[PDB]
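Below sits a lone chain in structure tokens, taken as the form deposited in one PDB entry.
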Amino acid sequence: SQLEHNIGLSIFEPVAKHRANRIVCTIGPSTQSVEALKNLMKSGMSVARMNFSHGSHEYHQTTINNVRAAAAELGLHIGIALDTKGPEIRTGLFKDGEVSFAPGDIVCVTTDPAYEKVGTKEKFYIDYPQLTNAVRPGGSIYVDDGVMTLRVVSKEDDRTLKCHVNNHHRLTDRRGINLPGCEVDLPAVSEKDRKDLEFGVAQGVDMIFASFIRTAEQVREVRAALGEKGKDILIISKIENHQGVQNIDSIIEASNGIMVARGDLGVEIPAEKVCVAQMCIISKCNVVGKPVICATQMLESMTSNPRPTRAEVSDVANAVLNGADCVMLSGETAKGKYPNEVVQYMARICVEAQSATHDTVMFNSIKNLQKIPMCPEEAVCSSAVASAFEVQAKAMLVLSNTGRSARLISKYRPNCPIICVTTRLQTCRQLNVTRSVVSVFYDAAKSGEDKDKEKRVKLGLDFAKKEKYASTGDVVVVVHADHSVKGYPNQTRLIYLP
């Protein structure tokens, strides 16, 4: 039982030497330089997130170029993620850059763009033109991470609502607006999003973090916007409203993976329900073996402080225990004072949680929920993980070209690294969102077809030695096809390192 496992835990034992979970960092002013990015990589960053809520294409081009230069210097494969603006709603600007409200202040909010730059305490702009269709008298408008609420007193006209301010707040330029419980009808892919996604494809990004995904059909709209040239780019659907949570099964089935986007989610639904959504979404992703990312305010106070709070450490550890492949940083790295330190903390917390995880509970719970008969490659991958447990293997090695076989091994949650030898650089980069996987690139154009697998297996066993995963005489579990079969792995071998 979990209780019996817990009472045997020790703070005095050595922790795992090899970190299984992965860290996604948002790039901004703190971290955009090649130097900064190198230090982030050294600190533990596996994926660079570009937040296309802000910044021009030129700004994000700099991010892309600098990430690639930093990664090339260090010899790493680092994923690059494009996080869409999506159907965001924001206020306009304010006369002065700031305005302050007390409870009972009556304020008009207008969709009329004449007011965009000249917001005051009496009247200001919101950039959602169908506002007065979406929110009725008696309804509420959440402003600025849901910190301030307005009650809609009346509809003055088609462009204007008269509102009652519920609480003290200092409102600044371009804050987020949420309208939970309203019929908000904005596209998953705006014209702006479409241009962003075409930019991502042109520049060869590895994955999209698609904002406010509500339905499977919206996932398909993102995939269509990516086009023929973008068909291998991962779509990670961000779940950040009620309808996304409701439609989670069909969204998971359509997507390559999921982000629990807790910022918007915890304004769209009652903040205390986010914990239940998180547990449920992560476990549903684990069961089907798709990567899942926990996001938002995980180490928030380290934006200004050199150490995290006790709740923040707990939050990161528990996301890992819940079963998340990745954990994410936003403002902590984009604009924080301690971007290297926050990533180093997050990496130490991941490792402690990984080391406090029962070896085989996930393996058995996940396997017990699969339909029998399995496909042969899934019978091979699940039984390979079982054999790694039985022999206490220090590493597994899998040949994967698309990533599929590495993700299938990772699904069964081994307690050792999964070295993936792959023939595609993009697979190297995309496998950064999958727990345990460490990628090695085999250039088949340069080195030959390797039909009998020997070159790639040697490359991975040499990597295992070099990286100090294992040494001579250790057993490694090696998964790939035999000499005939094409398209999937049908074979598992146990090999002693030479």
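Numbers follow the displayed sequence, beginning with 1.
Just so you know, the form deposited in another entry exists too; it's not on screen, but the next bit is about it.
Which single option from 246, 225, 376, 187 is at the hinge, given the motion of the rigid parts between the shown form and the other one? Of all listed residues, the hinge one is 187.
Shorter or longer C-alpha distance for residue 52 and residue 115 in that other deposited form, given it differs from this form by 3 Å or more? Those two alpha carbons end up farther apart in that other deposited form.
If the CA atoms of residue 184 and residue 215 move by 3 Å or more in that other deposited form, do they move toward each other or away, so closer or farther than here? The answer is closer, because the C-alphas of residue 184 and residue 215 approach each other in that other deposited form by 3 Å or more.
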